[PDB]
């Protein structure tokens, strides 16, 4: 359960600090609080994780305003996908996702930056007009699961993180952050859509937001 935490804190960070060599990570920014690591799964997938201990969506630190906006940092890190792709990856192809504890195996905060599934891309595009600033179930859900969705502008994202908005806006999400998985996708009008899904026995929802991603990048 601790391999990623050990890589970050015992390999990347010390190597960055000692030789300015982020290996095995792609980038290590101690002053900003994050690292970027190539994932072993998928040709373009990267992970964005903190340079200090935060275990996942359940961590209380995520609901503190001083905590770095990891989702926005992951968004910026989408360029690592383009570098591996060898050319610019269109924004519409990228998706960011974090899984809850029942939908993950590693206990160190990590956002999956990878390609969005084509069906999810279309499903989101078709509901542009239904996605507002208030969290509301996405019509049709995604992958057979209920997903609350919210429209957000880049300006809003720099002000607050998706976790802050989930906690401040959705009933009882504040006292059950760990039961949620969240994702971020950019919409056709250049705004973004935030997605939140909660663990649910009946629909077999493990709150694994990564399910909207296709690490084999067929959308490209």
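In region 39-60, which residues are more than 29 Å from residue 173 (Cβ to Cβ) and crowded, with 17+ Cβ neighbours inside 10 Å? Give the derivation first.
Going through region 39-60, the residues more than 29 Å from residue 173 (Cβ to Cβ) turn out to be 40, 42-44.
Hits for region 39-60 are 42, 44.
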Scan of region 98-121 for residues that are assigned to a helix (DSSP H, G or I) and either buried (at least 21 other Cβ atoms within 10 Å of the Cβ) or more than 15 Å from the chain's Cα centre (by Cα) (or both), ordered by number: 102, 103, 118, 119, 120, 121
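Would you tally the residues in region 145-166 being surrounded by 15 or more Cβ atoms within 10 Å (Cβ to Cβ) and in contact with a strand residue (DSSP E or B) (Cβ under 8 Å, 6 or more places away or on another chain)?
Going through region 145-166 one residue at a time, the tally reaches 13.
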Can you give me the ranges of the strands (runs of 3 or more DSSP E) entirely in region 1-80 with at least 3 residues that are within 14 Å of residue 107 (Cα to Cα)? 46-50
Scan of region 169-187 for residues that are within 17 Å of residue 58 (Cβ to Cβ) and without any contact (Cβ under 8 Å) to a residue 40 or more places away in the chain, ordered by number: 170, 172, 173, 175, 176
Take region 178-220 and flag every residue that is in a loop (DSSP other than H, G, I, E, B) and either out of contact with any helix residue (DSSP H, G or I) (no Cβ under 9 Å at 6 or more places or on another chain) or buried (at least 23 other Cβ atoms within 10 Å of the Cβ) (or both). 201, 202, 203, 204, 207, 215, 216
Tell me which residues, restricted to region 122-144, are out of contact with any strand residue (DSSP E or B) (no Cβ under 9 Å at 6 or more places or on another chain), without any contact (Cβ under 8 Å) to a residue 40 or more places away in the chain and not in a loop (DSSP other than H, G, I, E, B). 122, 126, 129
Pick from 142, 124, 128: which is in contact with a helix residue (DSSP H, G or I) (Cβ under 6 Å, 6 or more places away or on another chain) and surrounded by 13 or more Cβ atoms within 10 Å (Cβ to Cβ)? 142
Residues of region 152-166 being more than 16 Å from the chain's Cα centre (by Cα) and outside any loop (DSSP other than H, G, I, E, B), in sequence order, are 155, 156, 159
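Going through region 81-97 one residue at a time, which ones are in a loop (DSSP other than H, G, I, E, B) and either surrounded by 15 or more Cβ atoms within 10 Å (Cβ to Cβ) or in contact with a helix residue (DSSP H, G or I) (Cβ under 9 Å, 6 or more places away or on another chain) (or both)?
Our first condition is that a residue be in a loop (DSSP other than H, G, I, E, B); within region 81-97, this holds for 86-90.
Answer for region 81-97, where residues must be in a loop (DSSP other than H, G, I, E, B) and either surrounded by 15 or more Cβ atoms within 10 Å (Cβ to Cβ) or in contact with a helix residue (DSSP H, G or I) (Cβ under 9 Å, 6 or more places away or on another chain) (or both): 88, 89.
Because the Cβ atoms are built from the backbone with ideal geometry, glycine has one as well, and the counts that use them run over all protein chains shown. Every read-out reported here was derived from the displayed coordinates using simple, explicitly stated rules and does not represent laboratory data.
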